[PDB]
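Only one chain is included here, represented as structure tokens and corresponding to the form deposited in one PDB entry.
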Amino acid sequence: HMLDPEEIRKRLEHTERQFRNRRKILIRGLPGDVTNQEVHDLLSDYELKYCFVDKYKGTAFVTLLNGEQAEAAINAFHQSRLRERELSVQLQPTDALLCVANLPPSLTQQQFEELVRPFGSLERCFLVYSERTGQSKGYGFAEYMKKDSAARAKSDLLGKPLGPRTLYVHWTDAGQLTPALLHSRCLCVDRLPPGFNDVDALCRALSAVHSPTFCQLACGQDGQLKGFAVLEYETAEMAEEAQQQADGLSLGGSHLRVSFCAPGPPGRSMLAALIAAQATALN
């Protein structure tokens, strides 16, 4: 059921506002005798929510009101001079960002907030949608105020059943993300026929629009099937197009379920990680 242009724009804008809500900066290169006041004076045009100045290291950890203030402070003071010291002003390299994948595609942004909110205060929380249809890609990102919150979330969500799905959780480097890199190049195929042993017929079926660069069945050290397959396509547009025609397609008397993987890793890394997660949980 196709979404009206107003709903598509509403979803994509919410995801864009959420993705851009990075308001924590890190200042390095401060003079040895710097004071808290000097840092407050430097950033007097902005509203400081938090400011810790480490006098022993020449660094400051500052939380500004929003992402717009953070970018403005960065542009204004990155590589500027403070009493002849060159300053580095960059987004804080926090480690509290998770990708929650294999979500039901019907799961709403509100339901995704309800799922990830009990573990702590959220800095960023958004589903990733198709730019063309506005439909959810079945994965989202949650960034907490604290790393301990994200660890607690990953522990409770990794291998959690939600509808006809088992969620996957992957720690993501906030620094490695861009709006383009939010769109996954990997697909996950499950609902294979029982005792499926024809990988070639699977890669061909999944080659109907675009040819995958990677296509392997998941299997343990003893070679036995783990229940799924991982595929990789050259681009995000190619993976999205392949997923659209292949999802629900009949193969060997079974209607395949084709989903998106967490957007970061290549096929080989994704396949090993998904096998590892399931094995750890079963044993």
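The first residue of the sequence shown is number 1, and the count goes up from there. So that the term is clear: the rigid core is the largest set of C-alpha atoms that superpose within 1.5 Å between two forms.
The form deposited in another entry is left out here; the points below concern that form.
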Notebook entry, point to check: For residue 88, is the CA shift between the shown form and the other one at least 2 Å following rigid-core superposition?
Noted result: yes
Note to self: How about residue 248 - superposed on the rigid core, does its CA move between the shown form and the other one by 2 Å or more?
What the structure shows: no
Item checked: Cα-Cα shift for residue 275 and residue 175, closer or farther in the other entry, minimum 3 Å -> closer
Check: Out of closer and farther, which fits the Cα atoms of residue 174 and residue 179 in the other entry compared with this form, where the change is 3 Å or more?
Finding: farther
